[PDB]
Amino acid sequence: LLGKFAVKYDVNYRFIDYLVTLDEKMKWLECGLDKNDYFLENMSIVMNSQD
Amino acid sequence: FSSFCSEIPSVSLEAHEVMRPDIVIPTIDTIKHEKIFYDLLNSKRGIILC
Amino acid sequence: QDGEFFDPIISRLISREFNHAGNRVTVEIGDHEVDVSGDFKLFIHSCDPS
Amino acid sequence: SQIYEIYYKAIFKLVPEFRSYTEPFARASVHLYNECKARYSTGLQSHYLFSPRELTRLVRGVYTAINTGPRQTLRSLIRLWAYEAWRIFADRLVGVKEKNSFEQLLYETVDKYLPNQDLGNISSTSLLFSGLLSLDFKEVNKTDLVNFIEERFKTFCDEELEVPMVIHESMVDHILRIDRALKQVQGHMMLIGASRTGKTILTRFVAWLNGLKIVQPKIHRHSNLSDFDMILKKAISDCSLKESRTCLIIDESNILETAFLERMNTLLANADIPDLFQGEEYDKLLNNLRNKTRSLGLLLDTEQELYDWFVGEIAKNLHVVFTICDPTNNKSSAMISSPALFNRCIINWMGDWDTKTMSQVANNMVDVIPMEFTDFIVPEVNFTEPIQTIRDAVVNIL
Ligand SMILES: Nc1ncnc2c1ncn2[C@@H]1O[C@H](COP(=O)(O)OP(=O)(O)NP(=O)(O)O)[C@@H](O)[C@H]1O
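For this coordinate set, the PDB header names X-ray crystallography as the determination method and states a resolution of 3.541 Å.

Laid out in structure tokens, this is it:
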């Protein structure tokens, strides 16, 4: 969709690396969070965004 | 003694009286219905309207 | 702890609705208006996807 | 036709010139009622139900609109009729073809009964143009409406609770519908909007516009019937004794039990709840009624007269608005089939965003301009808007 209409996106993109701090990643995993990219993607969505 | 039917009262209510929720425009069925209610109620038998 | 079951007293709290004052911030819950802190956070949590 | 011929004969005292036309409006009204009841059936939608109430609403709506309205010609009356016809009957209709089916029926009805060629386009737009901002409920200019609404919506967004909001034509049509509805003597509305559609907040907007007291029932899993009674109880007292003119907003979140269903099956349908004020509580109310009545300059002999005044007060000054999302589930469908609901509720069908208004929302949110560079490609390939900017591209992608 970003291609069909003309808008550039980073061809190499990963949600985690983009929106999470090392410290954040480190801090979450400290609290007992699971190893997964998934559970990191999730923990980001919960924490990183509350409106 | 005679048998006659469907004689109804004429109603004329003012415009501002048209918005009263408790109102009825008498029709043949109104009277017929009101009357069988009464008859049933004078027999002390009960009514259920569905 | 049980999101499975949820009662609307929190509804005013889910949707962000608050009556603002000079200093205080109040949110109606049930029959009483309680003051919100802002150091306050909420997490609803459930177990079964059913 | 006989019943409502009497009704029109009563409301047309305000337009004696058109007195001759009592039957053909009554006939046209009953005709429409019949055809509608025939074309749209419960097999398509659960909420297509037509009763004499629809005929009742149609006369009532017309009565107030004539009374409050400007000097009428025959065109004036029959278009007004067609407006109320639209709102009472077709506004509940989903999709398009069915609303078009109704327009066709309306044209047919007018032709069959009242043949004036002075009419314009009688389609749902081109008619309603229902005056609120203009003080008497006439037709309006439509440019003035959108502006009036928008400035009064800016005001309302700032002055009352701040949930950031957006405007669209879609909003405007339903606003006129909600207001006209809250203007009608004994009447209530239910908005079928899906969810997040902004139907509750719109109700609140009109409530704020016409200065109606808003009441949203406060309840939960542990909430009792005694509890909902007191809300209704107190709400009715204010609607009568203090002349508060309140709008009661029920959401489908609010119901943890059906008990909420029924006590209002009453309040909507007839104009009172008999059980609600009872025991000594009845005598207390009665005392107050005598006082308020006498303060209005009317000394009412009997008790039933007081109570008849009281009930009439609940009728004209208490409005209820339901907002429901998915009519399809059993929880909301219990609300739905329930007749006293659907037949004294004006059913207004909103739905998921219109995919056009989706752009109006999107564009109005990206109004702030962080947007950079150039479009390497003015779009060359391939509904939001004619697409020029990166802005348009983004709302189209989204
Ligand atoms: N124009 C709008 N701009 C932005 N958000 C909107 C708009 N309209 C609706 N919303 C969203 O939907 C809500 C509007 O409130 P509300 O009217 O209660 O929605 P609703 O359609 O009534 N849902 P419901 O309680 O089932 O009736 C807010 O939480 C917003 O997130």
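Moving on, there is more to tell.
Colleague: How would you summarise the sheet that holds strand β2 (residues 213-215) of chain D if you had to cite specific residues and measurements?
Modeller: Residues and elements named next belong to chain D. Spatially, β2-β3-β4-β1-β5 is the arrangement adopted by the 5 strands of the open sheet, whose pairing is parallel. The sheet is open, and its two edges are formed by β2 and β5 (345-349), each paired on a single side. When the angles between neighbouring strand axes are averaged without regard to direction, this sheet yields 20°. In this fold helix α12 (residues 303-317) packs onto β3 (246-251) and β4 (318-324), with an angle of close to 45° to the strand it touches most, β4.

Colleague: Mind laying out the site of the ligand, listing which residues take part and the relevant values?
Modeller: All names here are of chain D. Residues in close proximity to the ligand total 15 residues, the closest being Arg196, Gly198, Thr200, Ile201 and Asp251. Contacts to the ligand include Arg196, whose side-chain N or O atom sits 2.9 Å from an oxygen atom. Per element, the largest residue contribution to the shell around the ligand is 3 residues, and it comes from helix α8 (residues 199-209). Classifying every residue of the shell around the ligand by side-chain character gives 7 nonpolar, 5 polar and 3 charged.

Colleague: How would you sum up the packing of helix α1 (residues 2-11) of chain D against helix α3 (residues 52-68) of chain D? Please name residues and give values.
Modeller: All names here are of chain D. The geometry of α1 relative to α3 is characterised by a closest axis approach of 10 Å and an angle of 10° between their N-to-C directions. Taken together, the axes of α1 and α3 lie roughly parallel to each other. Across the interface between the two elements, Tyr4, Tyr7, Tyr8 and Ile11 from α1 touch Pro52, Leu55, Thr56, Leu58, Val59, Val62 and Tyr63 from α3.

Colleague: Mind laying out the pattern of salt bridges, listing which residues take part and the relevant values?
Modeller: Residue and element names in this part refer to chain D. Scanning all chains against the criterion turns up 24 salt bridges over all chains. Linking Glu280 and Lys284 is a salt bridge whose minimum nitrogen-to-oxygen distance equals 3.0 Å. You can see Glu280 and its partner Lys284 sitting in helix α11 (residues 280-295), 4 residues apart, about one turn around the helix. When its relative accessible area of 40% is taken as the criterion, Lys284 is described as partly exposed. Connected through salt bridges with shared partners, the residues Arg87, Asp91, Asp173 and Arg177 form a single ionic network.

Colleague: Let's hear about the packing of aromatic side chains: which residues, and what values?
Modeller: Residue and element names in this part refer to chain D. For the structure shown, the criterion picks out 19 aromatic pairs over all chains. Taking the centre distance of 5.2 Å and the plane angle of 40° together, the rings of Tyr307 and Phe310 count as tilted. Of the two residues, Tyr307 and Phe310 both sit in helix α12, 3 residues apart, roughly one turn of that helix. Its relative accessible area of 0% is what places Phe310 among the buried residues.

Colleague: Got a sec to walk through the nonpolar core? Specific residues and values, please.
Modeller: Residues and elements named next belong to chain D. In terms of nonpolar packing, the biggest core is built from 56 residues, with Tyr8, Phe25, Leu32, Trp81, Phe89, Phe102 and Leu106 touching the most fellow members. For this core, the secondary-structure elements that each account for two or more residues are α1, α2 (22-39), α3, α4 (74-88) and α5 (97-113). A per-element tally of this core places α4 first, with 10 residues. Ignoring anything within four residues of it in the chain, the contact list for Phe25 reads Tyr8, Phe12, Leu74, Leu77, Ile78, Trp81 and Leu114.

Colleague: So what about the sheet that holds strand β3 (residues 32-35) of chain C? Which residues, and what values?
Modeller: Residues and elements named next belong to chain C. Across the sheet, 3 strands lie side by side as β1-β2-β3; this open sheet has antiparallel pairing. Of all strands in the sheet, those bounded by a partner on one side alone are β1 (19-20) and β3. In terms of strand pairing, β1 meets strand β2 (residues 25-29) through 2 bridges, oriented antiparallel. When the sheet's bridge partners are listed, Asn19 is paired in β2 with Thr26.

Colleague: I'd like to hear about a nonpolar patch on the surface, residue by residue, with values.
Modeller: Nonpolar side chains collect at one region of the surface, where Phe6, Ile14, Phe40, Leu42 and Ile44 of chain C lie side by side and expose about 480 Å² of accessible area between them. With respect to the element layout, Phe6 of chain C can be found in the segment before α1 (11-14).

Colleague: Report on the interface of chain D and chain B, specifying residues and quantitative values.
Modeller: Between chain D and chain B, the contact holds 14 residues from the first and 12 residues from the second. Summing the contributions of chain D and of chain B, the shared interface buries around 1300 Å²; its carbon and sulfur component is 68%. Taken together, chain D and chain B are joined by 1 salt bridge. When the shortest N-O distance is used, the salt bridge between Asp308 of chain D and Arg20 of chain B registers 2.1 Å. In this assembly, chain D and chain B are joined by 1 residue pair in polar contact. Secondary structure elements with two or more residues in the side of chain D that touches chain B: α1, α3 and α12 of chain D.

What counts and how
Residues numbered from 1 in each chain as written, not as in the entry; some residues may be left out. Chains lettered and ligands numbered in written order. Part of a larger assembly, values for the part shown. Heavy atoms only, no water. Pairing = 2+ DSSP bridges. Helix = DSSP H or I, 4+ residues; strand = E, 2+ residues; numbered from the N terminus. Axes fitted to C-alpha atoms, helices over the stretch in contact; angles between N-to-C directions. Contact = heavy atoms within 4.5 Å. Near = heavy atom within 4 Å. Polar contact = N/O pair within 3.5 Å; in protein donor to acceptor, adjacent residues only side chain to side chain. Nonpolar A, V, L, I, M, F, W, Y, C, P; charged D, E, K, R; others polar. Parallel < 35°, antiparallel > 145°, perpendicular 65-115°, else oblique. Salt bridge = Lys/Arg side-chain N within 4 Å of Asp/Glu carboxyl O. Buried < 20%, exposed > 50% of the residue type's maximum accessible area, 1.4 Å probe, protein only. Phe/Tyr/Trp six-rings, centres within 6.5 Å; stacked < 30°, edge-to-face > 60°. Core = buried A, V, L, I, M, F, W, Y, C linked by side-chain atoms within 4.5 Å. Patch = residues over 30% accessible without salt bridge, like charges linked within 9 Å, V, L, I, M, F, W, Y side chains within 5 Å. Areas by Shrake-Rupley, 256 points an atom, 1.4 Å probe, with all protein chains shown as cover. Buried area = accessible area lost by both parts, 1.4 Å probe.

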